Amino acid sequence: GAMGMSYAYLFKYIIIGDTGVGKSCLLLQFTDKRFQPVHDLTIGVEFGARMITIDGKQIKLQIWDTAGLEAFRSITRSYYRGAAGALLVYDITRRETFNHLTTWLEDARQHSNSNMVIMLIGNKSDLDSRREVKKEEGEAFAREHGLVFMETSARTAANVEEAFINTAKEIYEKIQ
């Protein structure tokens, strides 16, 4: 397809974060409204895509789902380039995935535009009894670094639509 032919804008997203935080399940819940209970480790980039409506216009999201597993991750961070948005994801039940955010963020901004809209996502909000990271901590990291923030559950679909749609609304407001 092409912008000005089969859609008004194409917004490229990348989804980054530690292994098991729920990147792939967020994507699948977004496009297919299905929850995948098994952890299938992503290795190369996997592409997802969906049409959305923003301000009455047809926008296509091209979504690059990436490997969290360090053993599978390339040292060449070339797949950042061209992304209008990034979904930066951690597991609210696993403190270490939150501690790695600084490095993911640095990685993201060193190989992408300062332009890029970054949505910080605390996923697995359905597992409240196992919470290790306060909602306030994710809120504060976002503010401190000029990100938007949302907690989601790929399992129950809570805020999943909003995570992807609000990212696009942010991009839209930025560029027009």
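Heads up: residue numbers just count along the shown sequence, starting at 1.
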| property | result |
| --- | --- |
| Of 141-149 and 27-35, the one with larger mean CA B-factor | 27-35 |
| Higher-B stretch (mean Cα B-factor, as the entry records it), 69-77 or 89-97 | 69-77 |
| Residue with highest C-alpha B-factor in the PDB entry, from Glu46, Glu136, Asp55, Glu132 | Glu136 |
| Candidate set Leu41, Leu120, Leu127, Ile59 [ranked by C-alpha B-factor, highest] | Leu127 |
| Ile175 - Cα temperature factor, lowest/middle/highest third of chain | middle |
| Entry-reported Cα temperature factor of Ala168, expressed as the chain third it lands in | lowest |
| Third of the chain, ranked by Cα B-factor, where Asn159 sits | middle |
